[PDB]
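Beneath this line is the structure, given in structure tokens, with notes to follow.
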Amino acid sequence: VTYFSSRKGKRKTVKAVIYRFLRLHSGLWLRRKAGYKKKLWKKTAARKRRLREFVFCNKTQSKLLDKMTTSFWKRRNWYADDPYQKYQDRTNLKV
Amino acid sequence: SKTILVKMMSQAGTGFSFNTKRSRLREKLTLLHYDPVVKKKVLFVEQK
Amino acid sequence: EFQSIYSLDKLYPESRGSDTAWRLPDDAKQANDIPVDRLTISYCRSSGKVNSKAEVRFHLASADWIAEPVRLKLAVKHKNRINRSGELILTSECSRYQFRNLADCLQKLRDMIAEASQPXXXXXXXXXXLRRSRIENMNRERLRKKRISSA
Amino acid sequence: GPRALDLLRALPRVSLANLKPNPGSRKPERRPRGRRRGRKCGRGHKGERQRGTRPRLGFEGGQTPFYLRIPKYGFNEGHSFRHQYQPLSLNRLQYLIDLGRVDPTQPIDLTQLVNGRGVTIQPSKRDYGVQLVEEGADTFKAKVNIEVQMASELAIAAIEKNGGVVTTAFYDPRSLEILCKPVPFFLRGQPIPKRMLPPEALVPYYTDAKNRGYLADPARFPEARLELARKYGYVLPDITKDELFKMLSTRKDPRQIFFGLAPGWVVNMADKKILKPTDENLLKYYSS
Amino acid sequence: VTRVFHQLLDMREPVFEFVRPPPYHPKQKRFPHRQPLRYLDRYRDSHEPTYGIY
RNA sequence: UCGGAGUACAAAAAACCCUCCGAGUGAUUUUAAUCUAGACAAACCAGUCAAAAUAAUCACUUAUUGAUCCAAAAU
Ligand SMILES: [Mg+2]
Ligand SMILES: [Mg+2]
Ligand SMILES: [Mg+2]
Ligand SMILES: [Mg+2]
Ligand SMILES: [Mg+2]
Ligand SMILES: [Mg+2]
Ligand SMILES: [Mg+2]
Ligand SMILES: [Mg+2]
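Chains as they are written, first to last, in the deposited numbering: chain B8, 94 to 188; chain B6, 13 to 60; chain Bu, 38 to 85, 93 to 195; chain BP, 9 to 296; chain Bb, 327 to 380.
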């Protein structure tokens, strides 16, 4: 992380976070499951399912990720057609 | 002896299966398998 | 009074006037299936899962907009949902906006009138859910088969 | 009013001499002095942390870093060029006409929605305009002329039922900017440029009477529109017969940014004067 | 039987259904860990985009 | 690095330059599919079961295996 830029004085973002994750607006971070393109024939159909999935990151991971991520990826987004727009809010959450 | 990887091709369309063949060739590779597009049981042929 | 080379007149020269797109071609559609001024359309708005029941009601015998073959064949297949007062009741549930429930019901209606106005409907019966019904029909038929004139 | 007032007759002057900020406003800083907070000052003992060098944030102590084990993926892929459309619910719209922020009488495009502070567009952020949703569908009683960049079927329906006319019009990044905060564009003092045509992929969306696209053939407008009623089951009103008809009819060129103005013009707001070119090449440019 | 209630008892016709209990889902977690995306739709109230202030 | 037994006598866990056995794959035919409740396990990563919904066995069987990135391939 670069907490202060050279030229702008701002807080830089990591790109290699962004290339592999996705942030919902709820704060849930979404990721691929590792090795899913890897040695398929050697694997049981069950595993193959479990891998082709998209999954969620626990609080620790999320917070961590936020720190490496600026405001701009935390903003609200309305994309046309967005597969994931359905998902962004939290429902019925009683804590 | 060895473990070969061969790419099995469907009759209809671009649907593919991917699996290993034995180097001694006890039973050579042709299958009756599942093709996704037409939802059918077909003969997958051994290819590369 | 601006115009550009790309304007709606210069692209589409045939139709021009400001009142052209506002014509209402009542002659284009003369059939008017399901005359909504003759339906009792009731809404049950349930808020809590949020869903608005849409209910469509009209008299089967008193409805002229469908012909007598169509009017009598609807009392055949759909006889389960019909009412003691002659009303045919259609129900939709899903969408919280009652508009899509209107469209749902009017479409279940369009469907029913379409299928019943098709004499080509053969009413194909699946054997998967009805195998029990056929086999219990025949097995109560072997005992029904006892013949003695009674009463 | 506030009987607190009459308590101030009793008391001495309010002056600088007596001032307390609200309790708990200043949560006091502490400084690593003294027996408690001195001596290692909450930095721990030796090791790395006490010396201030502990490694960077993504780091696991060399085990392949969490964020780095996971494979890359198209996710945020081309995120910059994916168009966005700021949503506008019908409920919010009914609201805004109700409190008379945006008035239905004169035509309504984006600009007006903006000035009522009912919507906020940040064109620089790839916002291509306002789009419509069906939320207040049943709520909606208003007769309105609306021009948006995108709309959904149910929305179009709920305006039709009440007898307003919806048009789907497009704006490019630049023109959209000019649209949203127009006064500061004038104070820029540059001519008022031509409007872009929508990109190629978008073309089919705007050529359909299906969407009542501003670039679509008006010959299908009365058709598909009437169709909308049979699907949703209501009597379609006769708009041509209405008093407010000539406003509802009001359109733009596909080349026009505003209502009543034309490409090439220049506004001097000091002299309250409009300026138009009398040169030919210019007129051929901006009128094409 | 439909003839009965109409003709005989001056009664409306009761129709019934069979209702199996709605499936059991665990107390929703603020951070579902290692869970399929569709986890979210499990606790979905009803299906509709709901734009609160927009 | 991976797995079986003891050490660890009865849910789990549990070290040692501790004690003893193994694995870095064969053999076939029956090619072992999509999709999803609920779970085990677990610092993370990986690992396991699995109803309803639509159309793999035998060798103690448990081990037979490597993440990103990067390359080559086509759908
Ligand atoms: Mg190889
Ligand atoms: Mg101390
Ligand atoms: Mg010291
Ligand atoms: Mg130390
Ligand atoms: Mg915004
Ligand atoms: Mg024991
Ligand atoms: Mg546990
Ligand atoms: Mg099953």
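By construction, the Cβ of each residue, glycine as well, lies at the ideal position given by its N, Cα and C atoms.
Exercise. Would DSSP call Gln264 (chain BP) helix, strand or coil?
Worked result: Taking the first residue of the fourth sequence as position 1, residue 264 (chain BP) is located at position 256. DSSP places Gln264 (chain BP) in coil when its eight states are reduced to three.
Exercise. Which chain BP residues are close to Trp171 (chain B8), counting only those with a beta carbon under 7 Å from its beta carbon?
Worked result: Numbered from 1 along the first sequence, position 78 holds the residue referred to as residue 171 (chain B8). Simply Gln92, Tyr93, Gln94, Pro95.
For this session: Identify each residue in the region 131 to 147 of chain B8 for which the Cβ-Cβ distance to at least one residue of chain BP is less than 7 Å, and report them in chain order.
Result: none
Problem set entry | Local conformation of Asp74 (chain Bu) per DSSP, three classes | On the third sequence, position 37 is the one that residue 74 (chain Bu) refers to. Helix at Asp74 (chain Bu).
Problem set entry | chain BP contact residues for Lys105 (chain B8), given Cβ-Cβ distances below 8 Å | Your numbering for residue 105 (chain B8) matches position 12 in the first sequence. None at all; the shortest Cβ gap to chain BP is about 12 Å.
Problem set entry | Bridge-paired residues (DSSP) for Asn276 (chain BP) | Translated into the one-based positions of the fourth sequence, residue 276 (chain BP) becomes position 268. Paired residue(s): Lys281 (chain BP).
Exercise. Under three-state DSSP, which class holds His332 (chain Bb)?
Worked result: Residue mapping note: residue 332 (chain Bb) aligns to position 6 of the fifth sequence, counting from 1. In this structure, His332 (chain Bb) counts as helix in the three-state DSSP scheme.
Problem set entry | For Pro362 (chain Bb), three-class secondary structure by DSSP | Taking the fifth sequence and counting its residues from 1, the one referred to as residue 362 (chain Bb) is at position 36. Strand at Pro362 (chain Bb).
For this session: Please determine, among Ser44 (chain Bu), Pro113 (chain Bu), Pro62 (chain Bu), the residue with the shortest C-alpha to C-alpha distance to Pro163 (chain Bu).
Result: Here residue 163 (chain Bu) refers to the residue found at position 119 when the third sequence is read from its first residue. If we check each option's Cα against that of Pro163 (chain Bu), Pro113 (chain Bu) comes out closest.
Exercise. For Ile78 (chain BP) and chain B8, any beta-carbon pair shorter than 8 Å?
Worked result: Taking the first residue of the fourth sequence as position 1, residue 78 (chain BP) is located at position 70. Yes, because at least one Cβ of chain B8 sits closer than 8 Å to the Cβ of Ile78 (chain BP).
Problem set entry | Under 8 Å between C-beta atoms of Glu161 (chain BP) and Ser97 (chain BP) | Start at 1 with the first residue of the fourth sequence, and residue 161 (chain BP) comes out as number 153. Start at 1 with the first residue of the fourth sequence, and residue 97 (chain BP) comes out as number 89. Not closer than 8 Å, so no.
Problem set entry | Three-state secondary structure assigned by DSSP to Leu290 (chain BP) | Counting from one through the fourth sequence, the residue named residue 290 (chain BP) turns up at place 282. Note: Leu290 (chain BP) maps to helix in three-state DSSP.
Exercise. What does a CB cutoff of less than 8 Å around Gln102 (chain BP) pick up in its chain, not counting 5 residues either side in sequence?
Worked result: The residue labelled residue 102 (chain BP) in the question sits at position 94 within the fourth sequence. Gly144, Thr147, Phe148, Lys149, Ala150.
Exercise. What do you reckon, is the C-beta of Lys156 (chain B8) under 7 Å from a heavy atom of ligand 3?
Worked result: The residue you call residue 156 (chain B8) lines up with position 63 of the first sequence. No, the Cβ of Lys156 (chain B8) stays beyond 7 Å of every heavy atom of ligand 3.
Exercise. Based on the DSSP output, what are the partners of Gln139 (chain BP) in its beta bridges?
Worked result: Taking the first residue of the fourth sequence as position 1, residue 139 (chain BP) is located at position 131. Answer is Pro95 (chain BP), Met158 (chain BP), bridged to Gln139 (chain BP).
Problem set entry | As assigned by DSSP and simplified to three states, the class of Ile164 (chain BP) | Taking the first residue of the fourth sequence as 1, we reach residue 164 (chain BP) at position 156. Note: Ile164 (chain BP) maps to helix in three-state DSSP.
Exercise. Going along chain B8, which residues have a C-beta under 9 Å from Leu65 (chain BP)?
Worked result: For the purposes of this step, residue 65 (chain BP) is taken as residue 57 along the fourth sequence, with counting starting at 1. What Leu65 (chain BP) touches in chain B8: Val94, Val107, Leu157, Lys160, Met161.
Problem set entry | Distance between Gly378 (chain Bb) and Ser33 (chain BP) (C-alpha atoms, nearest Å) | As a working note, residue 33 (chain BP) is residue 25 in the fourth sequence. As a working note, residue 378 (chain Bb) is residue 52 in the fifth sequence. Their Cα atoms are separated by approximately 33 Å.
For this session: Go through its chain and collect everything with a Cβ distance to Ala24 (chain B6)'s Cβ below 8 Å, but skip five positions before and after it.
Result: Translated into positions along the second sequence, residue 24 (chain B6) becomes position 12. Excluding sequence neighbours, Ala24 (chain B6) sits near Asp47, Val49, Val50, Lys52, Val54.
Exercise. Would you report the Cα separation of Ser119 (chain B8) and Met158 (chain BP), rounded to the nearest angstrom?
Worked result: Residue numbering aside, residue 119 (chain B8) sits at position 26 when the first sequence is read from its first letter. Residue numbering aside, residue 158 (chain BP) sits at position 150 when the fourth sequence is read from its first letter. Between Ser119 (chain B8) and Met158 (chain BP), the C-alpha separation is close to 26 Å.
Problem set entry | Amino acids of chain Bb, ordered along the chain, whose beta-carbon sits closer than 7 Å to that of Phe97 (chain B8) | Mapped onto the first sequence, residue 97 (chain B8) falls at position 4. The premise fails here: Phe97 (chain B8) is roughly 30 Å from chain Bb at the closest Cβ pair, so nothing lies under 7 Å.
Exercise. DSSP three-state call for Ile247 (chain BP): helix, strand or coil?
Worked result: As a working note, residue 247 (chain BP) is residue 239 in the fourth sequence. Correct three-state label for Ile247 (chain BP): coil.
Exercise. Looking only at DSSP bridge pairs, what is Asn31 (chain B6) linked to?
Worked result: If you number the second sequence from 1, residue 31 (chain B6) lands on position 19. Answer is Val18 (chain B6).
For this session: With a 10 Å radius around its C-beta and 16 neighbouring C-beta atoms as the bar for buried, classify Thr175 (chain BP) as buried or exposed.
Result: Taking the fourth sequence and counting its residues from 1, the one referred to as residue 175 (chain BP) is at position 167. It counts as buried.
For this session: Please report how far the alpha carbon of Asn289 (chain BP) lies from the alpha carbon of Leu184 (chain BP), in whole angstroms.
Result: In the fourth sequence, residue 289 (chain BP) corresponds to position 281, counting from 1. In the fourth sequence, residue 184 (chain BP) corresponds to position 176, counting from 1. Each residue's alpha carbon lies about 26 Å from the other.
For this session: Decide yes or no for the touch test of the region 186 to 193 of chain BP against the region 211 to 229 of chain BP: beta carbon pairs closer than 8 Å, at least 3 of them.
Result: no
Problem set entry | Residues near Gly46 (chain BP) in its chain [Cβ-Cβ closer than 6 Å; skip 5 each side] | The sequence position of residue 46 (chain BP) within the fourth sequence is 38, counting from 1. Contacts found: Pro40.
For this session: Would you mind sorting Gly54 (chain Bu) into buried or exposed? The rule is 16 or more other CB atoms within 10 Å of its CB.
Result: Mapped onto the third sequence, residue 54 (chain Bu) falls at position 17. Exposed.
Problem set entry | Separation of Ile42 (chain Bu) from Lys292 (chain BP), as counted between CA atoms | Stepping through the fourth sequence from its first residue, residue 292 (chain BP) is reached at position 284. Stepping through the third sequence from its first residue, residue 42 (chain Bu) is reached at position 5. Straight-line Cα distance between these residues: approximately 9 Å.
For this session: Give the secondary structure of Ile379 (chain Bb) by DSSP, where H, G and I count as helix, E and B as strand, and everything else as coil.
Result: The sequence position of residue 379 (chain Bb) within the fifth sequence is 53, counting from 1. In the structure shown, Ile379 (chain Bb) sits in coil (DSSP, three-state: anything other than H, G, I, E or B).
Exercise. When the distance is taken between beta carbons, is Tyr180 (chain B8) closer than 8 Å to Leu117 (chain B8)?
Worked result: The residue labelled residue 117 (chain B8) in the question sits at position 24 within the first sequence. The residue labelled residue 180 (chain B8) in the question sits at position 87 within the first sequence. Cβ distance < 8 Å, so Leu117 (chain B8) and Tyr180 (chain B8) count as in contact.
Problem set entry | For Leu186 (chain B8) and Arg346 (chain Bb), believed in contact at Cβ under 8 Å, the rounded distance | Along the fifth sequence, one-based indexing puts residue 346 (chain Bb) at 20. Along the first sequence, one-based indexing puts residue 186 (chain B8) at 93. Not a contact, Cβ separation roughly 26 Å.
Exercise. With respect to the alpha helix (DSSP H) encompassing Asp182 (chain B8), which residues constitute its N-terminal and C-terminal limits?
Worked result: Taking the first residue of the first sequence as position 1, residue 182 (chain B8) is located at position 89. Premise fails: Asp182 (chain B8) is in no alpha helix (DSSP H) and is neither H nor E.
Problem set entry | Residues near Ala160 (chain Bu) in its chain [Cβ-Cβ closer than 6 Å; skip 5 each side] | In the third sequence, the residue the question calls residue 160 (chain Bu) occupies position 116. Only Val114, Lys117, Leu118 meet the Cβ criterion.
Problem set entry | Per-residue contacts from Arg338 (chain Bb) into chain Bu (C-beta, under 7 Å) | Counting from one through the fifth sequence, the residue named residue 338 (chain Bb) turns up at place 12. Chain Bu residues near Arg338 (chain Bb): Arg128.
Exercise. Under 8 Å, do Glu58 (chain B6) and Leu41 (chain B6) count as touching if we go by C-beta distance?
Worked result: What you label residue 58 (chain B6) is simply residue 46 of the second sequence in a count that begins at 1. What you label residue 41 (chain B6) is simply residue 29 of the second sequence in a count that begins at 1. Contact flag set, yes.
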